[PDB]
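Everything below concerns the one structure shown next.
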Amino acid sequence: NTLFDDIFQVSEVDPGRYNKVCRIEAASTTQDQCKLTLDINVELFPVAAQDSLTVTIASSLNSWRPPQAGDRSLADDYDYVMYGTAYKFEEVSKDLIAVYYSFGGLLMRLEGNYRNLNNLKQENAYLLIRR
Amino acid sequence: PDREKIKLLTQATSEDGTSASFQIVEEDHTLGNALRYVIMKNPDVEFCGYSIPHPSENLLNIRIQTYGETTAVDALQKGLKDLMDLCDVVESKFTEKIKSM
Amino acid sequence: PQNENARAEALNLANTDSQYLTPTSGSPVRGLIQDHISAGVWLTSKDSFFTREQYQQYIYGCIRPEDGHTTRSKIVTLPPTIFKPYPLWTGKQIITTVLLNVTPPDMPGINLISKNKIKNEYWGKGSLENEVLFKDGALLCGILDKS
Amino acid sequence: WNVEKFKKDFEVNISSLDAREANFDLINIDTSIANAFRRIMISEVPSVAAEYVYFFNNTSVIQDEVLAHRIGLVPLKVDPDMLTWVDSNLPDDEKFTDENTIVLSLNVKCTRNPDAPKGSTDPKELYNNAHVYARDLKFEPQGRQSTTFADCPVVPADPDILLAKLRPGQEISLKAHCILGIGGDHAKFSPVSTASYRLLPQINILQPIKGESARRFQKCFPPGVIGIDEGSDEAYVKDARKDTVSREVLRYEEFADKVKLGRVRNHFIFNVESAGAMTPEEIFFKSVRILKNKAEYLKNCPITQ
Amino acid sequence: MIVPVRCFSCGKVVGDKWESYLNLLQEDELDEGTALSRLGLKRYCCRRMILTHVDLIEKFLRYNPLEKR
Ligand SMILES: [Zn+2]
Numbered sequence: 003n004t005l006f007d008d009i010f011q012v013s014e015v016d017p018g019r020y021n022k023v024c025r026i027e028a029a030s031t032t033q034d035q036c037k038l039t040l041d042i043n044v045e046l047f048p049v050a051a052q053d054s055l056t057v058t059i060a061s062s063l064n078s079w080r081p082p083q084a085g086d087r088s089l090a091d092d093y094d095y096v097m098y099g100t101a102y103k104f105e106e107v108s109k110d111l112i113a114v115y116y117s118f119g120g121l122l123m124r125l126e127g128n129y130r131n132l133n134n135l136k137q138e139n140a141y142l143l144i145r146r
Numbered sequence: 042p043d044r045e046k047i048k049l050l051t052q053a054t055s056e057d058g059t060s061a062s063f064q065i066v067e068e069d070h071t072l073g074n075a076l077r078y079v080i081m082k083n084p085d086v087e088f089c090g091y092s093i094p095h096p097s098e099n100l101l102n103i104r105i106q107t108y109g110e111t112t113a114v115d116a117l118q119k120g121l122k123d124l125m126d127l128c129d130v131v132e133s134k135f136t137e138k139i140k141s142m
Numbered sequence: 638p639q640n641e642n643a644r645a646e647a648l649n650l651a652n653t654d655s656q657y658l659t660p661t662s663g664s665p666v667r668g669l670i671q672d673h674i675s676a677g678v679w680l681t682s683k684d685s686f687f688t689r690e691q692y693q694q695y696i697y698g699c700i701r702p703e704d705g706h707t708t709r710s711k712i713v714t715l716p717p718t719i720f721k722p723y724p725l726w727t728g729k730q731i732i733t734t735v736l737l738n739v740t741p742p743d744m745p746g747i748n749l750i751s752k753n754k755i756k757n758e759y760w761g762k763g764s765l766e767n768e769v770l771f772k773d774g775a776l777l778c779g780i781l782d783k784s
Numbered sequence: 031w032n033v034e035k036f037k038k039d040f041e042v043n044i045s046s047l048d049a050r051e052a053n054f055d056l057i058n059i060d061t062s063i064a065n066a067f068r069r070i071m072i073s074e075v076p077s078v079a080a081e082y083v084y085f086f087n088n089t090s091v092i093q094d095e096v097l098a099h100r101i102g103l104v105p106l107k108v109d110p111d112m113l114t115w116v117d118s119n120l121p122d123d124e125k126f127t128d129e130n131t132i133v134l135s136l137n138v139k140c141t142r143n144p145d146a147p148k149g150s151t152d153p154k155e156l157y158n159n160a161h162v163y164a165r166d167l168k169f170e171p172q173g174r175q176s177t178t179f180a181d182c183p184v185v186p187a188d189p190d191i192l193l194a195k196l197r198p199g200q201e202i203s204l205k206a207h208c209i210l211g212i213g214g215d216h217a218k219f220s221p222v223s224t225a226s227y228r229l230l231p232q233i234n235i236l237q238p239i240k241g242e243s244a245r246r247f248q249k250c251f252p253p254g255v256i257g258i259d260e261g262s263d264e265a266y267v268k269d270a271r272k273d274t275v276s277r278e279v280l281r282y283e284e285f286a287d288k289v290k291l292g293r294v295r296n297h298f299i300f301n302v303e304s305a306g307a308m309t310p311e312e313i314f315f316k317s318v319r320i321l322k323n324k325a326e327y328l329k330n331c332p333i334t335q
Numbered sequence: 001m002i003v004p005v006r007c008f009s010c011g012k013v014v015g016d017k018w019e020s021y022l023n024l025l026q027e028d029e030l031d032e033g034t035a036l037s038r039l040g041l042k043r044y045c046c047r048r049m050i051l052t053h054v055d056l057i058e059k060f061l062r063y064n065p066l067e068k069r
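Residue numbers (UniProt numbering), protein chains in the order written: chain A, 3 to 64, 78 to 146; chain B, 42 to 142; chain C, 638 to 784; chain D, 31 to 335; chain E, 1 to 69.
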């Protein structure tokens with residue numbers, strides 16, 4: 003089942019000193035308080051400023080093995096999918112919270128209202144992005 | 042025959058035979074890399090790699106683990122066969138191009 | 638040495654592995670050097686990705702599971718970090734996979750918050766790669782270093 | 031993947047074939063296999079070279095073992111198929127047969143020349159047989175070989191190789207046994223003056239580049255690599271196959287932004303030069319065959335527990 | 001001492017090329033890089049072998065213990 007989705011709009015796409023990964027900063031279009039930071043293999047999924055990305059975190063998709084004859088899963092609905100771990104939660108204010116994910120090192124920080132991020136737990140999770 | 046060429050390393054091969062390690066004498070990267078490339082194309086193979094214990098002992102270690110449809114020994118054989126067939130395709134193609142040249 | 642008492646002593650008391658820390662100050666004397674440090678900075682870089690084929694090959698080439706470290710008699714692997722458009726593993730996953738195959742299975746994975754020698758500024762804006770994070774035996778952030 | 035899918039996609043292109051060197055592309059093959067052929071061509075394709083040198087006399091300035099060594103480096107124009115392998119477990123008498131071994135002799139004495147044009151520097155006119163060449167290795171046929179090799183005497187592939195020099199009174203006298211061997215054992219057996227490959231360069235332009243930039247951009251690559259099109263006036267890639275990957279473009283600031291330099295990862299440009307015994311194509315064929323036998327010999331070996 | 005037979009890196013025969021290379025510099029009055037090219041030495045591997053050879057043997061040969069100086 004799905005734990006979180008929102009449409010985000012990208013502010014900045016910083017390639018840092020890498021050339022396959024970029025750090026993305028983006029804000030939600032639906033919540034004024036919900037913002038995002040995410041490392042992306044931009045060689046596999048190019049991103050430019052002002053892009054609008056739909057971003058979904060889900061606990062499962064309805078152990079890993081190469082795709083076979085007629086496999087169907089939640090991944091089919093999206094362009095870019097990553098698997099990772101929630102590793103830190105923090106109080107930002109009386110109202111807002113941030114959760115930290117690592118996808119084999121590519122880091123996400125998702126900040127938002129504590130009711131808007133209610134379903135997120137400190138477990139593993141899939142990340143799904145589509146344009 | 043020749044029994045000293047390839048042997049099973051029974052201390053890393055499971056009961057069900059869906060996982061196994063082989064030690065092949067007188068072979069380095071040349072065959073090893075080519076063989077793992079071929080084997081990994083087999084859809085029932087879950088894991089495969091080769092290694093060379095030491096540059097000074099002529100030994101090649103292949104590991105195969107399957108998803109349970111065929112045994113590890115099967116995958117080794119399909120891989121070896123696949124590799125042979127692959128060379129044929131190359132030889133034939135090269136021949137034709139030399140003729141047509 | 639020429640008799641089993643001396644054998645037992647050389648394997649259990651004066652053996653190299655018994656002597657990781659020095660008695661002077663109680664600090665490490667064994668570690669990797671040169672190529673291996675340079676290699677680590679590269680392999681564990683965020684820019685580092687590997688296909689299924691490469692990932693499995695790095696693992697088997699270094700594990701040597703045909704040893705006394707039959708922690709399992711089957712090599713364990715992680716799922717890829719990127720599922721789609723193409724299955725890719727990161728370098729940090731190679732490390733997690735290594736530890737996963739050589740630490741005891743009946744025992745929780747290591748937990749470490751540490752730092753390395755390279756300042757965040759060197760990687761770019763917003764980097765946290767100076768911070769070394771192991772959670773439940775997995776390298777979640779940071780590169781590995783002489784430190 | 032599937033062997034038929036491979037057959038349909040694999041392709042060979044032969045740019046130039048010659049008695050000494052071949053230039054050809056293997057397209058849509060995996061690097062592991064291209065590499066195999068390459069390794070095999072250098073190190074496992076048998077060849078004939080001098081292995082044992084028997085001196086009866088050498089009063090030249092060059093020491094025996096060194097002379098022996100150079101003779102071993104001389105590429106003999108011999109078809110390795112015409113020979114069987116030596117079994118190195120038999121005594122010396124049984125070891126060398128007419129199917130095993132080729133015998134070369136060398137027999138020079140240097141004398142002073144009376145008829146030297148007084149005040150001469152040239153050793154050809156000062157001395158008789160001052161210079162000893164590979165061509166001076168005489169092929170002495172043994173047993174059945176008088177017949178078998180009657181249609182193809184044993185000759186060094188490079189006759190004019192300088193082997194030794196002498197002065198009046200010095201002599202060389204030796205017999206050499208030449209046998210099958212492989213490069214992996216010793217490089218004198220390698221049948222190549224080198225087999226290697228390169229991946230086909232990929233120069234992809236990240237936006238049109240025209241006008242005075244086009245001319246500028248074009249000059250960062252060798253002649254013929256980059257074309258300037260008439261009409262759009264924009265630059266395009268003619269053939270990457272001629273590019274040397276100097277990365278010169280990446281120096282000039284204006285371009286470093288607009289070009290990525292890569293490879294077509296599964297497209298190998300092979301260049302094979304023969305040391306002189308077999309043709310390139312034969313050497314490449316022999317390697318593709320050698321790989322296949324490894325796989326076949328292994329499939330048929332019993333796996334001991 | 002004397003020309004090497006093969007190029008150390010290429011494997012390419014180079015020992016048939018010394019006497020001619022000298023004749024190219026001498027008779028045809030070419031520069032070194034033009035002459036090397038004319039003998040087929042393409043890789044810098046191989047050009048190095050002939051370009052920098054020292055025919056030291058021609059010195060050794062002047063001491064011949066087997067003739068009345
Ligand atoms: Zn050279």
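C-beta atoms are modelled at their ideal positions from N, C-alpha and C, and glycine is treated no differently.
Subject >> Cβ pair count under 8 Å reaching 3, the segment 54-62 of chain B against the segment 107-122 of chain B >> reply: Output reads yes: the segment 107-122 of chain B touches the segment 54-62 of chain B.
Original post:
Beta-carbon separation of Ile-42(A) and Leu-5(A) under 7 Å?
Top reply: Contact flag unset, no.
Original post:
For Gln-335(D), is the classification buried or exposed, using 16 other Cβ atoms within 10 angstroms of its Cβ as the cut-off for buried?
Top reply: Under this definition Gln-335(D) is an exposed residue.
Original post:
Closest by CA to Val-5(E), which one among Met-49(E), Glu-67(E) and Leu-22(E)?
Top reply: Taking only the C-alpha atoms, the option nearest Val-5(E) is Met-49(E).
Original post:
Who are the near neighbours of residue 3(D) in its chain, counting only those whose CB is closer than 7 Å to its CB and skipping five residues on each side?
Top reply: Residue numbering for chain D in the displayed model covers 31 to 335; residue 3(D) lies beyond these limits and cannot be assessed.
Subject >> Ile-209(D) beta carbon less than 7 Å from that of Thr-131(D) >> reply: It is a contact, given that the beta carbons lie within the stated cut-off.
Subject >> alpha helix (DSSP H) segments (min. 4 residues) lying fully within the segment 223-276 of chain D >> reply: Listed in chain order, the complete alpha helix (DSSP H) runs (minimum 4 residues) inside the segment 223-276 of chain D are 242-248.
Original post:
When you check each C-beta in the segment 190-218 of chain D against every C-beta of chain E, which residues fall closer than 9 Å?
Top reply: If you check each beta-carbon in the segment 190-218 of chain D against every beta-carbon of chain E, the ones closer than 9 Å belong to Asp-190, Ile-191, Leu-192, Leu-193, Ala-194, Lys-195, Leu-196, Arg-197, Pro-198, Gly-199, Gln-200, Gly-213, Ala-217 and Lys-218.
Subject >> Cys-89(B) Cβ short of 6 Å to ligand 1 heavy atom set >> reply: Residue side-chain check: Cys-89(B) keeps its Cβ at 6 Å or more from all non-hydrogen atoms of ligand 1.
Original post:
Hey, does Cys-250(D) have any beta-carbon neighbour from chain B nearer than 7 Å?
Top reply: No, because no Cβ of chain B sits closer than 7 Å to the Cβ of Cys-250(D).
Original post:
Expressed to the nearest angstrom, what Euclidean distance is found between the alpha-carbon atoms of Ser-90(D) and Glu-155(D)?
Top reply: Rounded to whole angstroms, the gap between the alpha carbons of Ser-90(D) and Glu-155(D) is 19 Å.
Subject >> Proximity winner among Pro-221(D), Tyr-227(D) and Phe-285(D), relative to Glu-242(D) (alpha-carbon distances) >> reply: Out of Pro-221(D), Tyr-227(D) and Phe-285(D), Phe-285(D) has the C-alpha closest to the C-alpha of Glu-242(D).
Original post:
So who's on the other strand from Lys-37(D), going by DSSP bridges?
Top reply: DSSP links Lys-37(D) through a beta bridge to no other residue.
Original post:
Since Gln-64(B) is in the alpha helix (DSSP H), which residue starts that stretch and which ends it?
Top reply: Run containing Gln-64(B): none in the alpha helix (DSSP H); it sits in the beta strand (DSSP E), 60-66.
Subject >> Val-91(D) - containing alpha helix (DSSP H), residue span >> reply: Run containing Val-91(D): none; DSSP gives neither H nor E here.
Subject >> Candidates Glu-14(A), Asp-7(A), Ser-62(A) and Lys-22(A), of which the one nearest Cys-36(A) by Cα >> reply: When only C-alpha atoms are compared, the closest one is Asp-7(A).
Original post:
Per DSSP, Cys-208(D) forms a beta bridge with which residues?
Top reply: In the DSSP assignment, the residues bridged to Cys-208(D) are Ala-80(D) and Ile-132(D).
**OP:** Starting from the C-beta of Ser-9(E), find all residues in its chain whose C-beta is less than 6 Å away, skip the five residues before and the five after it, and write them out in chain order.
**Re:** Sequence-distant Cβ neighbours of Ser-9(E) in its own chain, meaning closer than 6 Å and more than five residues away, are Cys-45.
Subject >> DSSP bridge partner residues for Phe-88(B) (one or two, in chain order) >> reply: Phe-88(B) pairs with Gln-106(B).
**OP:** Pick out whichever of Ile-57(D), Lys-35(D), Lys-37(D) and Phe-36(D) has its Cα sitting closest to the Cα of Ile-44(D).
**Re:** Of the candidates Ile-57(D), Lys-35(D), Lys-37(D) and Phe-36(D), the one whose C-alpha sits nearest the C-alpha of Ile-44(D) is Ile-57(D).
**OP:** Using a cut-off of 8 Å between C-beta atoms, extract the partners of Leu-280(D) located in chain E.
**Re:** In chain order: nothing, as chain E lies at least about 23 Å away.
Original post:
By Cβ distance below 8 Å, which residues in the same chain neighbour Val-42(D) in space, the five residues on each side in sequence not counted?
Top reply: Taken in chain order, the residues that qualify are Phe-54, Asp-55, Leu-56 and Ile-57.
Original post:
What number of angstroms, rounded off, separates the C-alpha of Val-66(B) from the C-alpha of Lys-324(D)?
Top reply: If I take the Cα positions, the gap works out to 12 Å.
Subject >> Residues near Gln-33(A) in its chain [Cβ-Cβ closer than 8 Å; skip 5 each side] >> reply: Its chain contains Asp-8, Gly-127, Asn-128 and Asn-131 as the residues whose beta carbon lies nearer than 8 Å to that of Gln-33(A), once the 5 sequence neighbours on both sides are disregarded; these appear in chain order.
**OP:** Examine ligand 1 and report whether any of its heavy atoms sits within less than 6 Å of the Cβ of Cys-7(E).
**Re:** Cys-7(E) has its CB nearer than 6 Å to a heavy atom of ligand 1.
Original post:
According to DSSP, is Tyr-759(C) helix, strand or coil?
Top reply: If DSSP states are grouped into helix, strand and coil, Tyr-759(C) belongs with the helices.
Subject >> Three-state class that DSSP yields for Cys-24(A) in the structure shown >> reply: In the structure shown, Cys-24(A) sits in a strand (DSSP, three-state: E or B).
Subject >> Coarse secondary structure for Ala-140(A), derived from DSSP in three states >> reply: Judged by DSSP in its simplified three-state form, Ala-140(A) adopts strand.
**OP:** Note down, in chain order, all residues in the segment 706-729 of chain C with a beta-carbon under 9 Å from any beta-carbon belonging to chain B.
**Re:** Residues passing the 9 Å Cβ filter: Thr-707, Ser-710, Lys-711, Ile-712 and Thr-714.
Subject >> Best match in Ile-750(C), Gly-774(C), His-706(C) and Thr-688(C) for proximity to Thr-718(C) [C-alpha to C-alpha] >> reply: Comparing Cα-Cα distances from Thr-718(C) to each of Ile-750(C), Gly-774(C), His-706(C) and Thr-688(C), the minimum goes to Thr-688(C).
Original post:
The beta strand (DSSP E) with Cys-778(C) in it runs from where to where?
Top reply: Annotation for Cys-778(C): the continuous beta strand (DSSP E) segment containing it runs 775-778.
**OP:** Assign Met-123(A) to one of two classes, buried (16 or more other C-beta atoms within 10 Å of its C-beta) or exposed (fewer than that).
**Re:** Buried, since its Cβ has 16 or more Cβ neighbours within 10 Å.
**OP:** Identify the contact partners of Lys-22(A) in chain C, using a Cβ-Cβ distance below 9 Å as the criterion.
**Re:** Here the neighbours are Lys-683, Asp-684, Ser-685 and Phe-686.
**OP:** Only counting runs of 4 or more residues, tell me where the alpha helix (DSSP H) segments fall wholly within the segment 645-727 of chain C, in order along the chain.
**Re:** The segment 645-727 of chain C contains, as complete alpha helix (DSSP H) runs of 4+ residues, the segments 672-680 and 689-700 (chain order).
Subject >> Contacts that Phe-63(B) makes with chain D (C-beta to C-beta distance below 8 Å) >> reply: From the beta-carbon of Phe-63(B), the residues of chain D found nearer than 8 Å are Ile-333.
Original post:
Of all the alpha helix (DSSP H) runs that stay within the bounds of the segment 91-143 of chain A, which reach a length of 4 or more residues?
Top reply: You should have found no qualifying run.
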